[PDB]
Number of protein chains: 2
Amino acid sequence: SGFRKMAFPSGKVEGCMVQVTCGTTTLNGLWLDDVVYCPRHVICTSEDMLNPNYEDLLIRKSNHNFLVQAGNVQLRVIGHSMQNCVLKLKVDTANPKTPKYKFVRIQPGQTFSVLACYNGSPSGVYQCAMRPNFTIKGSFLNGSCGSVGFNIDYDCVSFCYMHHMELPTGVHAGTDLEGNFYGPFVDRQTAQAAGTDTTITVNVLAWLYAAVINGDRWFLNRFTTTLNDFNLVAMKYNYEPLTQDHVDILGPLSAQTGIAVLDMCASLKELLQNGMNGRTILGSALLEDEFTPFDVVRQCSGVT
Amino acid sequence: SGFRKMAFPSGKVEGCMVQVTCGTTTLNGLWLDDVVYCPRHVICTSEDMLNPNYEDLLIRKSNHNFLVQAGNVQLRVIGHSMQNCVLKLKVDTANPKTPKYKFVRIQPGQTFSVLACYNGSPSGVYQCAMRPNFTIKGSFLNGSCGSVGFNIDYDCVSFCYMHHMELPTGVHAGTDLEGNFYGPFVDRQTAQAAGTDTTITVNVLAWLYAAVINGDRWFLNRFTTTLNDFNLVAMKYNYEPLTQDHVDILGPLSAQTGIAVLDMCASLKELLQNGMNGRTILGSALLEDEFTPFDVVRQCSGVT
Ligand SMILES: Cc1ccncc1NC(=O)CCc1cccc(F)c1
Ligand SMILES: Cc1ccncc1NC(=O)CCc1cccc(F)c1
């Protein structure tokens, strides 16, 4: 019992972190096999940041300008190439600590762990969600670029995020491991609109099921609703519209608790319309949306 | 910018996790140098749990009854001994992945990371506080016993907690790495009173400083207070009385923000007396007490 915002164990990813320096800029890189991946803005200087011409900036760089260090180990760079917003630095040595891995592009509303790093050294690990507007609300300071987000399925690390930028609003933006930004963002020091965000409804429902499994049940009521009725409330409260695909992924939790998904929707409807009345659910005084239905099942069953 | 409930990177601790089986029971052990540490209740069976005579139960066990496996590796047990509520199994091989480490007994109100494990395999990592009543509000299921809590200072892992028990209330109890329980708890399946808990005042103040550093400032007011006045409010709201030692540890945050500790106390006083009025601070709708002043400084400066 108990329910926590749990991150994946970070060891497999710690073994992949390196420091990359190009000129005056230092950030983090991810060393997998014989390639080091890092944000392409490592090649920028102060006057470059407003609208860098990355192709021209990279043309002035040679393999020997990319200093890659894995703590004590200096890596020899034998090739470089830019793919979207990432640089791929080919090195002459495969990382002996490369775990089984995949590169995946996650969907908005999915969760992942971030290993925050500075100068190639891990600082901490936390779990977060990719917002519906493709931003993440992380904890990143200058030097954290190149830190990655990931999920682990038994022995395989699926890398889904590389950190690139902090928007003027204090929220974070980055790319998949092929260097494609999540959302409309570009790697320029320019104010950039993040879309209207919404609350991840299916995750709030999954977390209400986690709450019932762990004994917090005060919010359960005598009511039910329909997808149509619930979605009128979701509209009012800026929640994602619930679909049958969301109801289907909540199937295991509904089966375990015996609480029909639409009955849980009626509890969520009452909580949206009335608030928590000074009470808490799993130690939170707000409706939590950073646990997916898979996260709830994994945590509630003890998956390793 | 951004502020998250961040755990330490767990890699150094993942390398120490092993599975220990004695008879029918399997739990986790911590392999450091040539010793494996685990909860002594691994030697219990179902009818033993209400009041086990650990000395007698252990006398029926030999080195070869303790099956220790580090995934693929089977460890050869060459000695066993009980120290308080832990067993120390001497093995013939020093763990090649033993990090620099210390065993420390943490104080109530301090924080640490937990690497939840099942069958010697890491499942996830989360940050939590040792409550003032010596319980922890973790996320542990059957099989998680032997999972450890720790902090890391550069390359040194200070182990402070080993998980032993879930109280009937769903809160958790365990020991330091010498097997001494935190709090009044005993390793028996008996209902056991956990003391009256309180909110960790110095941590709430540290988190309000983290909030100001990250832009959440709506709670700052035109008021000040005294330690005496504040402690009357702390008494009413079940918060730990604030002392000059707490004010002193908040010195760096007060210096960084320019907000005198007693002025922050006046903001905390107003929040206790009036609530949050439907607003949030660092994404929380309640007053958070699981970040120490050191945690805030580390997160806000990018320590690795
Ligand atoms: C300061 C900080 C804090 C947290 N996360 C990230 C950051 N850093 C940034 O946003 C870097 C922005 C950037 C864009 C384009 C070119 C360039 F050289 C740099
Ligand atoms: C079931 C569970 C869930 C979470 N954390 C921990 C647990 N397990 C326990 O409390 C074990 C209690 C115990 C005490 C004394 C002897 C004995 F054989 C076992």
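Output ³J(HN,Hα) for segment A:20-26: one whole-Hz value per residue in order, computed from phi by the Karplus curve 6.51 cos²θ - 1.76 cosθ + 1.60 with θ = phi - 60°, and x for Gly and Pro.
10, 10, 9, x, 8, 8, 10
Over chain A, what is the relative contact order in percent, taking alpha-carbon pairs closer than 8 angstrom and at least six residues apart?
Taking the mean separation of contacting Cα pairs over the length of chain A, I get 17 percent.
Which residues' amide hydrogens lie under 5 Å from the amide hydrogen of A:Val86, considering only partners 5 or more residues apart or on another chain, with H built in the peptide plane?
HN-HN under 5 Å from A:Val86: A:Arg40.
State the three equivalent ellipsoid semi-axes of segment B:198-301, derived from the C-alpha gyration tensor as the square roots of 5 times its eigenvalues, in descending order and whole Å.
Value: 18, 16, 13 Å, ordered largest first.
Going through segment B:110-202, which chymotrypsin sites (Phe, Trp or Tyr not before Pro) have at most 14 other Cβ atoms within 10 Å and a DSSP loop state?
B:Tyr154
Using unit Cβ charges (K, R positive; D, E negative) and no other charged atoms, how large, in debye to the nearest 20, is the dipole of the protein assembly as shown about its Cα centre?
360 debye
Could you work out the relative contact order of segment A:15-99? I mean the mean sequence separation of Cα pairs under 8 Å and 6+ apart, divided by the number of residues, in percent.
36 percent
Okay, helix-only estimate at 222 nm for the protein assembly as shown: each DSSP H run of n ≥ 4 adds -39500 (n - 2.57), divide by all residues, round to 500 deg cm²/dmol; what do you get?
Helix-only estimate at 222 nm: -6500 deg cm²/dmol.
List, in order, the whole-Hz ³J(HN,Hα) value for each residue of segment A:142-155 obtained from phi through the Karplus relation with A = 6.51, B = -1.76, C = 1.60 and θ = phi - 60°; use x for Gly and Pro.
My calculation for segment A:142-155 gives 4, x, 7, 4, x, 5, 10, x, 7, 10, 10, 10, 6, 10 Hz in order.
Relative to the other copies, what are the label-point distances for B:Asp197, with labels 7 Å from Cα along the C-beta vector, expressed in nm at one decimal and sorted shortest first?
Going from nearest to farthest copy, the values are 2.8 nm.
Pull up the cross-link candidates among the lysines for A:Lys137, meaning alpha carbon to alpha carbon under 19 Å and not fewer than 8 places away within one chain.
A:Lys5, B:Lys5
Other chains' Cβ within 10 Å of B:9-18 residues: what's the mean?
Mean partner shielding for this stretch: 5.
Net charge near B:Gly251, counting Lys/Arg +1 and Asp/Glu -1 over other residues with Cβ under 15 Å of its Cβ?
-3
What average number of partner chain Cβ atoms lie no more than 10 Å from the Cβ of the residues making up B:123-131?
Mean inter-chain Cβ contacts per residue within 10 Å come to 6.
For a quick check: with amide H placed at 1.01 Å from N, whose amide H comes under 5 Å from A:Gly124's, ignoring anything fewer than 5 positions away on the same chain?
Counting only residues 5 or more places away or on other chains, the set is A:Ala116.
For segment A:225-279, rounded, prolate or oblate, judged on the Cα gyration tensor with a ≥ b ≥ c (square roots of eigenvalues), a/c < 1.5 rounded, else prolate if a/b > b/c?
oblate
Report the full-extension gain for the segment A:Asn72 to A:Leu50: residue separation times 0.36 nm, less the Cα-Cα distance, to one decimal in nm.
Between A:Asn72 and A:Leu50, full extension yields 4.5 nm more.
What does the charge add up to near A:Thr93, with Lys and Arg as +1, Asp and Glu as -1, over the other residues with Cβ less than 9 Å from its Cβ?
With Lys, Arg at +1 and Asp, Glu at -1, the net is -1.
Is the C-alpha gyration tensor of the protein assembly as shown telling us rounded, prolate or oblate? Criteria: a/c under 1.5 is rounded; beyond that, a/b larger than b/c is prolate, otherwise oblate.
Rounded.
Could you list the square roots of 5 times each eigenvalue of the Cα gyration tensor of chain A, that is, the equivalent ellipsoid semi-axes, sorted largest first and rounded to whole Å?
Square roots of five times the eigenvalues give 41, 21, 14 Å.
Putting +1 on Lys and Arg Cβ atoms and -1 on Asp and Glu Cβ atoms, find which of A:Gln74, A:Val20, A:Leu57 reaches farthest to the positive end of the dipole of segment A:15-99.
Towards the positive end, the residue furthest out is A:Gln74.
Tell me which residues come under 5 Å, amide H to amide H, from B:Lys102 once H is placed; ignore anything under 5 positions away on its chain.
Those qualifying (amide H under 5 Å, at least 5 residues apart or on another chain) are B:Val157, B:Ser158, B:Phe159.
Roughly how far apart, in whole Å, are the Cα centres of segment A:203-270 and segment B:221-244?
40 Å
Work out from phi, with θ = phi - 60° and the Karplus expression 6.51 cos²θ - 1.76 cosθ + 1.60, the ³J(HN,Hα) of each residue of segment B:240-251, listed in order in whole Hz, and give x for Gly and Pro.
Once rounded to whole Hz, the list reads 5, x, 7, 10, 4, 4, 5, 4, 4, 5, 7, x.
Run the label-point distances for A:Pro184 please: 7 Å along Cα to Cβ, every other copy, nanometres, shortest first.
Result, one decimal in nm: 6.0.
Under 10 Å, Cα contacts only: if you run a Gaussian network model on chain A, which one of A:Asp176, A:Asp92, A:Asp248 comes out with the highest mean-square fluctuation?
The residue with the greatest mean-square fluctuation here is A:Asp248.
With charges set only on the Cβ (+1 for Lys and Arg, -1 for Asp and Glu), what does the dipole of segment A:15-99 come to about its Cα centre, in debye to the nearest 20?
Computed charge dipole of segment A:15-99: roughly 180 debye.
Considering only the label points, 7 Å along Cα→Cβ from Cα, what distances in nm to one decimal separate A:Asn277 from the same position in each other copy, shortest first?
2.4
FYI the Cβ positions are ideal-geometry reconstructions off the backbone, even for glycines, and counts take in every protein chain you see. Coordinate-derived values only; no laboratory data.
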